[PDB]
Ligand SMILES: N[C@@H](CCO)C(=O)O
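Before any questions on binding or motion, here is one chain by itself as structure tokens, the form deposited without L-homoserine (HSE).
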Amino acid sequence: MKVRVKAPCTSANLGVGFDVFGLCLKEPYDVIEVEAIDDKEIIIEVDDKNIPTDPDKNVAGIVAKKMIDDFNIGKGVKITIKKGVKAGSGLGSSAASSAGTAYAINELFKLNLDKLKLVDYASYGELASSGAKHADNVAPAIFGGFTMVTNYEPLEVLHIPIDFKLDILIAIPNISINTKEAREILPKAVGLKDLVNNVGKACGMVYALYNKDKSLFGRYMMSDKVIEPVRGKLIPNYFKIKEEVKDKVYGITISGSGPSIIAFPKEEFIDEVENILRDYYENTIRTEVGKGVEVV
């Protein structure tokens, strides 16, 4: 009763898709192992003793429990957690654990849940650990590709497979941003003009995915005037880099609530763009769209 699997990072928001859009990455990823023990305890082994190891406080511990209850495994569990990336950087670090955790269980013991259900319980973890469902990082972690959380209370997720090559460059500033503090600057109200702008550009991005038009997808992604102009201020040199790689990327925007940045470099400039990101920030990752948590 052992399961080893990869739970990938994800990038939520993608500019105009704030709180709806999610893109699953191939890397980084949390490598998680969950062997089924006999006793009734929840044991957490997580490198970087910065991640709460107490089952009720750790995200994977929360998902883990609530799922055994509902499926009455009457067993406890030990969790081997190899962190793919630092929390508070905007790459769905936590979401990776939740979805990784939930997918494990289901794969393991003959359970035959729905990817949507897994996304559901997994949210329990981002919710029971942050007070919000946030299926937007969890949904792509599970479905892979591109996802849209179009409804909560109940939960609905629309999935669009990315069948073409989409190169992705990620830069991770050695800075931390309080996900919460950057909520209050987030306006409580918006003008009709922005409703119209964001609805149009986001819809245009769905159209771009169906037409495999990366240029159109990336350009509309960078059209938000509501959240990005505010959140961007906290990211050192973000606006300057955007302008600098302007003609060398299909698009570049903040990943989740930041400070991590996600860019879609043009084939002809992947090396150069990756270098520019390395000079400003120091940590850069070259990846592409992933297919979500899969048994390793």
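A residue's number is simply how far along the shown sequence it sits, counting from 1. Throughout, rigid core stands for the largest set of C-alpha atoms superposing within 1.5 Å between the two forms.
One more form of this protein, deposited with L-homoserine (HSE) bound, exists but is not displayed; see below.
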{"query": "Any non-hydrogen atom of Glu288 within 4.5 angstroms of L-homoserine (HSE) in the bound PDB entry", "finding": "no"}
{"query": "Interface membership of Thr179, L-homoserine (HSE) in the bound PDB entry, 4.5 Å heavy atom rule", "finding": "yes"}
{"query": "Close approach of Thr147 to L-homoserine (HSE) in the bound PDB entry, 4.5 Å, heavy atom", "finding": "no"}
{"query": "In the bound PDB entry, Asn137 touching L-homoserine (HSE) (heavy atom, 4.5 Å)", "finding": "yes"}
{"query": "Proximity to L-homoserine (HSE) in the bound PDB entry, single hit among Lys193, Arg183, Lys165, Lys212 (heavy atom within 4.5 Å)", "finding": "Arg183"}
{"query": "Answer range among 35-43, 235-243, 267-275, 249-257 for contact with L-homoserine (HSE), defined in the bound PDB entry as heavy atoms within 4.5 Å", "finding": "249-257"}
{"query": "Heavy atom within 4.5 Å of L-homoserine (HSE) in the bound PDB entry - qualifying residues of 8-37", "finding": "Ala12, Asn13, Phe18, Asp19"}
{"query": "Rigid-core fit between this form and the one not shown, the member of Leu166, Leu113, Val226, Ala128 whose C-alpha shifts 2 angstroms or more", "finding": "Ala128"}
